[PDB]
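In the block that follows, a single chain appears as structure tokens, in the form deposited in one PDB entry.
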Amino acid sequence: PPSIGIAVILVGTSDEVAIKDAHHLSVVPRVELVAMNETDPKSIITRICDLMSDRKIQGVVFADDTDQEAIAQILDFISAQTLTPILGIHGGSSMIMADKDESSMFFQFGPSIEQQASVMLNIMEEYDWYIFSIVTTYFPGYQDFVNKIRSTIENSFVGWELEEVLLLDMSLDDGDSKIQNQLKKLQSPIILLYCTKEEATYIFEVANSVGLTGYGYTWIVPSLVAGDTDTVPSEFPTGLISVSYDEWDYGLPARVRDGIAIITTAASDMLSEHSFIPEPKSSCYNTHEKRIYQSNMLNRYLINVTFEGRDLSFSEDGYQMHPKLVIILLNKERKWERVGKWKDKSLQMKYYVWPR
């Protein structure tokens, strides 16, 4: 059995111990844990380009401890230029990324924008909250988000009522109070908000100054806004609901475990059906030259992988197929309390009457 190099870049304080603690296929994984200090573009591109020359890495498992969705993007880039598979299993690396390259081989753990927004509607149904408005920025996915909502509302014999839908511009500043004006026009109990963590801190800070954080106002937001739960910006309204990847039930070493699983299994499958597995790029400083000699024939497999009795399959747009979701509620002590679980397409809530 031959050995494929699988690099595991764990960013920020992490226990290499349990990580290294946690596979009889047709090929064996030669794993190598690497830590990384920084997460700007030059750091991440460089760390990975270097590692790829030192060894022959056929895969990458990326985990970080931040709320930087731009890490997901930096990775997708890196992934597509070098044609190396990359798994963003935890962190910024794992945030919703909409419209990844065609040539990419970048997959993320966690639910797609389309799915979260579905989850957000099942909730609103449980509690017969049928009247609501949407607010998004221009963040990628915003269109998938609004459109997923709409085709649900449109195709439903339930009494939905989408009251308004605001698109806010954060490309420009707000020394003119343009946003404020828009927000002041909302008049609904529920408000689905799609944007980013740092975007939302600012939006709420403004939404407060128009009395929209109070009671009578409930805000639901997706995973990338909740971000990392041990960090709650002071301007997040208490009472805020949000979906979230169950970092509780399903923690890091378990993720790095399936990390190495998918890349190994998928490699096996391709040495089997084809008697070969694509050679890892020797260097990024040479991508124009060596391009006709590379492809994404491994995606066929990186997607459809069964392991330890679980379908760890991915979708087309590169997000996990059926992940376990927790629904969390920002409480009075400003800590995030679990209040529901999402399993198949079934949602189970803790409360029958919603908390204050």
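C-alpha atoms forming the largest set that superposes within 1.5 Å between two forms make up the rigid core. Shifts are known only where both forms have a C-alpha. From 1 onward, residues are counted along the sequence shown.
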Legend entry - Missing residues, deposited sequence, between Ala22 and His23 (class: none, 1 to 3, 4 to 9, 10 or more): 4 to 9
Inset, instruction - With reference to the PDB entry, specify whether the mean Cα temperature factor is higher for 139-147 or for 212-220. - result: 212-220
Legend entry - Given 280-288 and 99-107, the range whose Cα B-factors average higher in the PDB entry: 280-288
Inset, instruction - Could you say which of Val28, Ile327, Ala70, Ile44 has its CA atom at the highest B factor, as listed in the PDB entry? - result: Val28
Inset, instruction - Among the candidates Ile57, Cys49, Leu298, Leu33, give the one with the maximum CA B-factor reported in the record. - result: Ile57
Legend entry - Third assignment of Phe62 from its chain's C-alpha B-factors: lowest
Legend entry - Position of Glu205 among the chain's modelled residues by C-alpha B-factor, lowest, middle or highest third: middle
Legend entry - Chain-relative CA temperature factor third for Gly227: lowest
Inset, instruction - Going by the recorded CA B-factors, say which third of the chain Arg338 sits in, lowest, middle or highest. - result: lowest
Inset, instruction - Using the B-factors in the PDB entry, rank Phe132's C-alpha atom against the chain and give the third, lowest, middle or highest. - result: middle
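Although it is not shown, the form deposited in another entry is what the next lines describe.
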Legend entry - Answer among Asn296, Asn331, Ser313, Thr66 for the CA shift between the shown form and the other one that reaches 2 Å or more, rigid core superposed: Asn296
Legend entry - Flag for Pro41, CA shift 2 Å or larger between the shown form and the other one after aligning core: yes
Legend entry - Core fit, then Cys284 C-alpha moves 2 Å or more between the shown form and the other one: yes
Inset, instruction - Please say whether the CA atoms of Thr39 and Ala80 come closer or move farther apart in that other deposited form, knowing the change relative to this form is 3 Å or more. - result: farther
Inset, instruction - Once you account for a change of 3 Å or more, let me know if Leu33 and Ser14 sit closer or farther in that other deposited form, using their C-alpha atoms. - result: farther
Inset, instruction - Pull up the moving segments between the shown form and the other one: at least three consecutive residues, every CA shifted by 2 Å or more, rigid core held fixed. - result: 13-22, 37-42, 282-286, 288-296
